[PDB]
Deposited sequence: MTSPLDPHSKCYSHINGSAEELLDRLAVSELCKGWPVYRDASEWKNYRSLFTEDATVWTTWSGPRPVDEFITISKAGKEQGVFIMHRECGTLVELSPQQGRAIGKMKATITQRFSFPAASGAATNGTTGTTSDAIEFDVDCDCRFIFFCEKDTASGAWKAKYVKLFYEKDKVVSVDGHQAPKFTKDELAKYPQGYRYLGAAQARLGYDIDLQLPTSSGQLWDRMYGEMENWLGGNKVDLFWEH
């Protein structure tokens, strides 16, 4: 079933609309390109001053705190990379609002006592972006993902870790292996993130349309 209630500017349009969607698509791609390379000045430039992000391993975080704990994770050997997999934009020109839709694979490299493995999670980043009236610059205020499917990837093609059914069961279908593997590192995993189906799926689309309509949104789903 079509999750969108209406249509927004997403293809063709004026040169101004094309260039707005291009600018927003660049912001989205900044997450994989700059985070994976620890280009923190570039990464911070993507966001509003009051921005919040959500991940499986951090839950919601103000962006500056997210950068702090990301640096700490990287210093402790955490190795998360991204593959961007298709980016388009929904633009609301009169509201100065846009949604960036960026398909991706989160590909995180782990060790098991040594057995190397990736967990690859196909997902869709949703960037809630706004245009500064004065400068015309787009910035992201919120980033939250849909989680679609995941898998365990052997690095040598022979050996892979083992997860019990009970170890995987507490996580939503879509990020069970990613959640379980990150939990083994000691992280407290957010279990209230949207997947391909269900309650939080409709909720995410509701908040996306609220944003594009100009409202405040409610992406804080534990209170």
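- Missing from the model, by position in the deposited sequence, are residues 1-4, 118-133.
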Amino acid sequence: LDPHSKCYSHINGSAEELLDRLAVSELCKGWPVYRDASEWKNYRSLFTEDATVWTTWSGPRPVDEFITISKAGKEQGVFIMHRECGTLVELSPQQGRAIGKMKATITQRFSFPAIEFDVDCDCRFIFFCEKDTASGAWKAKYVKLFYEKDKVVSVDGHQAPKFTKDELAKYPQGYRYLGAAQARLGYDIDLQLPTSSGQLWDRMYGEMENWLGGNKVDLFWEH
From here on, numbers count along this sequence of modelled residues.
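- Once the C-alpha B-factors are averaged per stretch, 90-98 and 121-129 rank with 90-98 first.
- Look at the mean CA B-factor for 208-216 and for 20-28 in the entry; the higher one is 208-216.
- Ranking 198, 161, 179, 174 by Cα temperature factor from the entry places 198 first.
- Looking only at 156, 39, 166, 50, the residue with the top Cα B factor in the deposited structure is 50.
- Ranked within its chain, residue 34 lands in the lowest third, by CA B factor from the PDB record.
- The PDB entry assigns residue 112 a C-alpha temperature factor belonging to the highest third of its chain's modelled residues.
- Sort the modelled residues of the chain by CA B factor and residue 78 lands in the middle third.
- When the modelled residues of the chain are ordered by C-alpha B-factor, residue 151 sits in the lowest third.
- In this PDB entry, residue 139 carries a Cα temperature factor that places it within the middle third of its chain's modelled residues.
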